[PDB]
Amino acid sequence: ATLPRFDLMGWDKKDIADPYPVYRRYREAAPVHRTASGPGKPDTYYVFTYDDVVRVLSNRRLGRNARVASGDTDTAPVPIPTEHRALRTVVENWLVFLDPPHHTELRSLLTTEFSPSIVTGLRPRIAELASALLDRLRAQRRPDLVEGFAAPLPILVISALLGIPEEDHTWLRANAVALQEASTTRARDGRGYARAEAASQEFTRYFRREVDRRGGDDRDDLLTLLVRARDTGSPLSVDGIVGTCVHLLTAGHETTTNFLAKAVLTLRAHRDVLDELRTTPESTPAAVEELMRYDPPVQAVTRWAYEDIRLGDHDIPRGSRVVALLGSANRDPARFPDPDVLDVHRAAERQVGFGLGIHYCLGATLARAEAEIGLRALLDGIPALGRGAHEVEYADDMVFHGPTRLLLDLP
């Protein structure tokens, strides 16, 4: 061919921070790129166009279980190495890696807790949190927008939702990042799953203690809602409740964090727009839509073929692993003219940064509230947000994509 074998492993720092040119070349050669794996194994098909990505997350034929796909069984249900138990029992229990019917029942029991009406009555407390955070972060030496803002904001929001102390916000962040070392795009090199294993163990005990405490008080809070189901005839285990808690805690912030951080890098690289938001507050909602498609926090999601399927001009055999590049789709010229230009005026409801299909983002509404509000606080809270320079460090993560830390500078 012309361009080489494609995958998401082992990227250099500078391409992680700006992979769009990579997605562009490959996308221009072919909409799908097959990447074999060997002797009796499944190849991976990477989808780069918007239309194909939509089909992939739409198809009732692409599931989340590799072990269901292969008909094999010496195969893990979740992409977690068998030797690691705690880790593995917590990831198997994530709604995201679930297929109907189980997934349907769990999403339904959960979905009512993130309603537009609940989110609306939360906007005030989310605004108040963000402000107080910018206060502590301001009286500080070498402020880091991530650990000092983008990370604790959504953590405080989801933690109050679950029913756990805010005082643990830093402790929750640490373990979350440690656990995150298990996603498929990271190395397994030097200290692989090791840290993710210990992170899983701490969360299991931590949450186990919580659930064991339910029937003292009972407030409205996910933990109590869950344990209530189980005690009144609902079919779910502690391993189910525990994983669901970890799943929400992580799903509840790691994406919001990466979005907030990358939203700052984007605006600083587009001062005309950032200067627009500062002067015109109502533009925020529209801007959040663009910032979202321009540089989405989730660059890749995977599905598994449960029977043969034809995507693009390739036939994807039952058992294949399919990867939908959300970041590539969002910059597909076939659907977003001038994909590299930050244009807040283009029509919304097209960007797939929140996914699509039955696994669409459970807290999309909440997420969008934290983004609009959080961005606001930044725009109004840090006048020099777009001035001077900064220093950023991206993580070795192509799934949860975004800065590990983002430093700005003081007055």
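Each residue number is its position in the shown sequence, starting from 1.
According to the PDB record, 33-41 carries the higher mean C-alpha B-factor of the two stretches 33-41 and 376-384. The stretch 68-76 shows the higher mean C-alpha B-factor when 321-329 is compared against 68-76 in the entry. Per the deposited record, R186 carries the highest C-alpha B-factor of all listed residues (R293, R186, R173, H270). In the deposited coordinates, the residue among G148, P297, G216, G240 with the greatest CA B-factor is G216. When the modelled residues of the chain are ordered by C-alpha B-factor, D313 sits in the highest third. Ranked by Cα temperature factor within the chain, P403 sits in the lowest third according to the deposited record.
Among all modelled residues in its chain, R230 ranks in the highest third by Cα B-factor.
When all modelled residues of the chain are sorted by CA temperature factor, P285 is found within the middle third. In this PDB entry, the Cα temperature factor of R60 sits in the middle third of its chain's modelled residues.
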